[PDB]
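Below are the chains, spelled out letter by letter.
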Amino acid sequence: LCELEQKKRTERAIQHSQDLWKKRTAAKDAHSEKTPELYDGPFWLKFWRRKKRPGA
RNA sequence: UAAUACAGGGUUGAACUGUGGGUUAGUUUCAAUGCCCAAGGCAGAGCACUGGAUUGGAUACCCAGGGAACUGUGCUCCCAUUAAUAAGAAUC
């Protein structure tokens, strides 16, 4: 009984891993083939100064 | 603070790396204005200085002239000392 349970479990993992790797690399390929996005939003002029805990 | 040359910082994409760190002297750069020295000049401005006003008893307020001070690879940090009054980690 244990021989069949272990053998079947191995096949399920092999197929699942193959599909996961295929999609993982597909996304990275697209990112490395497009023009970088240049930021054009509001500047960070108010985030410079902070107000931490007063006193000690 | 349009053009061009040299070299930094910030945002995003891939690869690599696989705990590399926080604070910091017997330490080291930079640092407005003023002053000594030096280089200087032919513009726009003005401290000192007899150059036209004072008073209800005293004056630099209101014009004009006016040879110091205003670009430094230097000596150099006294101040109301340059983007708040904490250099870091955790709770969204």
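Residues numbered from 1 in each chain as written, not as in the entry; some residues may be left out. Chains lettered and ligands numbered in written order. Part of a larger assembly, values for the part shown. Heavy atoms only, no water.

Method-wise, the PDB entry is recorded as coming from cryo-EM, at a reported resolution of 3.29 Å.

Q: Is there a simple way to think about a nonpolar patch on the surface in this case?
A: Together, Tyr39, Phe43, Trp44, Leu45, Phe47 and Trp48 give the surface a local cluster of nonpolar side chains, amounting to about 890 Å² of exposed area. For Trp44, the position within the fold is in the segment after α1 (2-31). Judged by relative accessible area, which is 53%, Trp44 ranks as exposed. (Patch = residues over 30% accessible without salt bridge, like charges linked within 9 Å, V, L, I, M, F, W, Y side chains within 5 Å. Areas by Shrake-Rupley, 256 points an atom, 1.4 Å probe, with all protein chains shown as cover. Salt bridge = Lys/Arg side-chain N within 4 Å of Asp/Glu carboxyl O. Helix = DSSP H or I, 4+ residues; strand = E, 2+ residues; numbered from the N terminus. Buried < 20%, exposed > 50% of the residue type's maximum accessible area, 1.4 Å probe, protein only.)

Q: How should I be thinking about the packing of aromatic side chains in this particular structure?
A: For any pair of aromatic rings, geometry is given as the distance between the ring centres together with the angle between the planes. Under the counting rule described, the total for this entry stands at two aromatic pairs. Judged by centre distance (5.7 Å) and plane angle (10°), the rings of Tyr39 and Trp44 are stacked. Ring plane angle 50° and centroid distance 5.9 Å describe the contact between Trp44 and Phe47, whose orientation is recorded as tilted. The pair formed by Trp44 and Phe47 is uniform in burial state, with each residue classed as exposed. Three or more aromatic residues joined by ring pairs form one cluster here, namely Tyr39, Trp44 and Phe47. (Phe/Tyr/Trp six-rings, centres within 6.5 Å; stacked < 30°, edge-to-face > 60°.)

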